[PDB]
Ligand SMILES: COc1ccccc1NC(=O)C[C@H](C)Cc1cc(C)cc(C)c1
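As a starting point, one isolated chain is supplied in structure tokens, in the form deposited without this ligand.
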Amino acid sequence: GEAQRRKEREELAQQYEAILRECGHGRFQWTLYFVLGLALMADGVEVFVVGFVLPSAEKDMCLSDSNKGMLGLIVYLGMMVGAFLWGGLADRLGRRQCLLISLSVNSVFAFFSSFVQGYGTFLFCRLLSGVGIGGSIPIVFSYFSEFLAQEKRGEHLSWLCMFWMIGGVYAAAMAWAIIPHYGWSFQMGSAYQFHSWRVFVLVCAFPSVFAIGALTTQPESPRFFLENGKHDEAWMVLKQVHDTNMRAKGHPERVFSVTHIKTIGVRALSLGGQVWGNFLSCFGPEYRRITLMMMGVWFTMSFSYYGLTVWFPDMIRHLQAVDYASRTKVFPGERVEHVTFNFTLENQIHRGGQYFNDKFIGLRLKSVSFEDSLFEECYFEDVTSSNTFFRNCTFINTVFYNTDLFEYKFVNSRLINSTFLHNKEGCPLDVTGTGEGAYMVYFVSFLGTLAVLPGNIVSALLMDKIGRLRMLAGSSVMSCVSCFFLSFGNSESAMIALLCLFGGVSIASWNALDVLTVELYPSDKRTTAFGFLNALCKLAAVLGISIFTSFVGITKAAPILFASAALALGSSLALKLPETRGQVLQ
């Protein structure tokens, strides 16, 4: 019974590999490579949009705390749902069909998010865009694997991981070239406003549309047809692959020699039942040790990588904040009287001042604090305030005309006979401000990805030469050693170098994990299992981000120990996995 099933699946796999050797590589494989690289580029772009627009988003939607912290977790949760959903649906509907549906959903909801003005609606649109793009990596890898021969199956799959990095580079470049133009205030409707970050979101929603356009021209994988008892169109697809390959070779004169490939409301409930059957069969007697080791490896690597990747920029920001706090100026004791006096003062503290009959017209305040001051018959006009506070201050007969000094900028103050007139529009809470730091953020991201590059090249070249397990274990161990090396970092330059090193060493491990998870599952459960594991990866990413953003400024022992321990456990479970190099893809 079950033995017969396994046997027949075995000669099916062998015959399919023979047909693939007959067809060979050439134009078809590379064409599909680029076509799927567009979807991976979209996946890579999607994880940078909210991170890049949080400043402007909180400016134009008046976002408080616990709202900026949810806008990254929203995309990660969206991918967590979408990966599982589309991975489950791909084994019953098809790789190309589900990829088209998911990419279309992503594009539509990304456009809609680009045009949303509210916050809750923005959360919903971002979550659904993440759902749409969540099933990109599983379907792409499981769809490209079914067109590659046994020989160079690792190198030909590892070159497919350049596109995530290219998407990251694209996002960084567009953010640098679009967002810095804060002047843009395109108007459509009194109640609504359109700034430049919306344009950035639009441009970052573009490449998914190109992915759909390229994918509509590609044929469904023959293996999916063969599994589901559909023989004729599988043969047609294989013939198309052969014809394209040989026309590209220049001998477009031979004929495909294969005639045949040996073959062995209510609707919603049926689909649910079938998907649950596939998911449970993933937890079968045949697939249990492999499944659990894969779960462990995916979870640990995701936790460590995402935790450190979010930790490095936060630590850079913290070091800059410490420098700023160290440079401040203090002016203890002042007595200014009867003068019109503006200024553009930044990063200052005034204590013990006594101001009488002073006119403050047209001044910019950035990180300026007045403490223990007294203002008496003063006058504030055209005051622009950023990170400015009044603590232990007393105001007597003062007038605030055309100022943004809201109620939250007076901390434990006392106003007597004070008048507020023509208050500027603004947030009811400190929303902080990001200025010149954006350029350095973009530069840091670009450096991270460029550091990723050499590991990609080396892993792609040596994946077949040394092996999947050797690559995975080697890169995991090197990453753990780097995690130890994070102790020797206390400046921005050192943190950038550490980011570069860790990003450059972990990518080989991720490449090996992708190829491994491709090769250890049969063609009737590849997308389901690999999508489930990628959903677990996204959940671990959420957990790791939450855990690692809490150690910035406390100590550097907790991040190092957590990352090193998780990576060591991941390498330990990775060394127990079966070897799949030199094996027919079955």
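Quick note: we count residues from 1 along the sequence shown, nothing fancier. Here, rigid core means the biggest group of C-alpha atoms that superpose within 1.5 Å across both forms.
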Answer yes if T434 is missing coordinates in at least a third of the other compared entries, and no if every one of them models it. yes
For at least a third of the other PDB entries compared, is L421 missing from the model even though its neighbours are present? yes
Between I264 and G265, what class does the number of missing deposited residues fall in: none, 1 to 3, 4 to 9, or 10 or more? 10 or more
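Same protein, other form: the form solved in complex with this ligand, not shown, and the subject of what follows.
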Judged by heavy atoms and a 4.5 Å cut-off, are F484, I547 and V552 together in contact with this ligand in the deposited bound form? no
Selected contact from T449, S221, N278, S114, since only one has a non-hydrogen atom within 4.5 angstroms of this ligand in the deposited bound form: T449
Residue within 4.5 Å of this ligand in the deposited bound form by heavy atom, from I179, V237, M165, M294, is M165
Interface membership of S145, this ligand in the deposited bound form, 4.5 Å heavy atom rule: no
Report yes if any heavy atom of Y305 sits within 4.5 Å of a heavy atom of this ligand in the deposited bound form; otherwise report no. yes
Although the partner isn't part of this model, could you tell me whether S445 comes within 4.5 Å of this ligand in the deposited bound form, counting any heavy atom of the residue? yes
Is the gap between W86 and this ligand in the deposited bound form 4.5 Å or less for some heavy atom pair? no
With a 4.5 Å heavy atom cut-off to this ligand in the deposited bound form, the contacting stretch among 556 to 564, 48 to 56, 62 to 70, 26 to 34 is 48 to 56
Contact set, 496 to 527 vs this ligand in the deposited bound form - heavy atom within 4.5 angstroms: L499, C500, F502, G503
Which single residue of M41, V49, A541, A529, after superposing the core, moves its CA by 2 Å or more between this form and the one not shown? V49
Do you see a C-alpha shift of 2 Å or more at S145 between this form and the one not shown, with the core held fixed? no
If the two forms are fitted on the core, does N490 show a Cα displacement reaching 2 angstroms between this form and the one not shown? yes
Core-aligned C-alpha movement of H242 between this form and the one not shown, 2 Å or more: no
In the deposited bound form the CA atoms of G51 and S546, compared with here and shifted by at least 3 Å, lie closer
